[PDB]
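Some notes on the structure that comes next.
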Amino acid sequence: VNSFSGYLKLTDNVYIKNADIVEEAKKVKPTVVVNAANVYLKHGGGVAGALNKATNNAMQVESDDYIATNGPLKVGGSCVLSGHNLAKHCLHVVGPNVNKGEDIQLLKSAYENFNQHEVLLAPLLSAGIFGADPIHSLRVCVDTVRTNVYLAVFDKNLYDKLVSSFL
Ligand SMILES: OC[C@H](Cc1nccs1)Nc1ncnc2[nH]ccc12
Ligand SMILES: [Cl-]
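In the authors' numbering, the protein residues as written are 3 to 169.
Rendered as structure tokens:
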């Protein structure tokens, strides 16, 4: 039993809700919130900009030190950093950005990072400003993640579309 509330159950382990991931994380304080990151951990817009704003830029400060030490992530890769005031940990995961010409096949590799954590609050990877089809992202999530994932969907029209179209 966990403190996630109001989610629709899609499968044994995947749950979905229309919610602002920032407001969700503040309420639940999950062990892990997933950020829709880029390889430079530059949290400018989308989920990343919103999460970083909610940390008063502490996420960006921590991320800049991470990059200075370790260099960029790989597309499809991840790193675990602090969750600041939002969660215990933030799993920064880089899905492919179609608006940069990146290989959508790497979306499965991106979701594989979730399997290293028993429970996560997450957005749909590569959706929104990353330019992939969200129906596809949900399908890859369901077919790749085996741990318990609570998906927050920002856009109500898309939330309704993902449920009604879910197979
Ligand atoms: O796939 C990620 C998703 C993509 C979008 N598509 C249409 C509108 S935003 N973005 C978000 N998802 C959840 N919480 C969020 N807070 C801020 C952004 C955000
Ligand atoms: Cl977005």
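We put the beta carbon where it would ideally sit given N, CA and C, even for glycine.
To the nearest angstrom, how far is it from the Cα of residue i to the Cα of residue j?
i           : j           : result
residue 139 : residue 77  : 15 Å
residue 54  : residue 40  : 13 Å
residue 177 : residue 30  : Here the chain comprises residues numbered 3 to 169, so residue 177 is not present and cannot be evaluated.
residue 158 : residue 166 : 12 Å
residue 42  : residue 72  : 10 Å
residue 5   : residue 13  : 18 Å
residue 168 : residue 18  : 11 Å
residue 20  : residue 68  : 32 Å
residue 120 : residue 150 : 6 Å
residue 162 : residue 16  : 16 Å
Mark residue i as exposed unless 16 or more other C-beta atoms lie within 10 angstroms of its C-beta, in which case mark it buried.
i           : result
residue 46  : exposed
residue 63  : exposed
residue 111 : buried
residue 3   : exposed
residue 75  : buried
residue 109 : buried
residue 134 : buried
residue 25  : exposed
residue 115 : buried
Hey, would you say the C-beta of residue i is under 6 Å away from at least one heavy atom of ligand 2?
i           : result
residue 97  : no
residue 137 : no
In this structure, how does DSSP classify residue i when only helix, strand and coil are distinguished?
i           : result
residue 117 : helix
residue 106 : coil
residue 181 : The structure shown has nothing for residue 181, since the chain only spans 3 to 169.
residue 7   : coil
residue 122 : strand
For residue i, collect the residues of the same chain with a Cβ closer than 6 Å to its Cβ; drop the 5 residues on either side in sequence, then sort them by chain order.
i          : result
residue 36 : 93, 95, 122 and 124
residue 82 : 91 and 93
residue 65 : 43
I'd like the list of long-range same chain contacts for residue i, defined as Cβ closer than 7 Å, with 5 residues on each side in sequence excluded.
i           : result
residue 57  : 86, 87 and 88
residue 136 : 126, 129, 160 and 164
residue 27  : 35, 88, 89 and 123
residue 142 : 109, 110 and 113
Leaving out the 5 sequence neighbours to the left and right, which residues in its chain are closer than 8 Å to residue i when beta-carbon positions are compared?
i           : result
residue 132 : 38, 48, 97, 98, 99, 100 and 101
residue 22  : 52, 154 and 156
Quick check: is any heavy atom of ligand 1 less than 6 Å from the C-beta of residue i?
i           : result
residue 162 : no
residue 108 : no
residue 23  : yes
residue 79  : no
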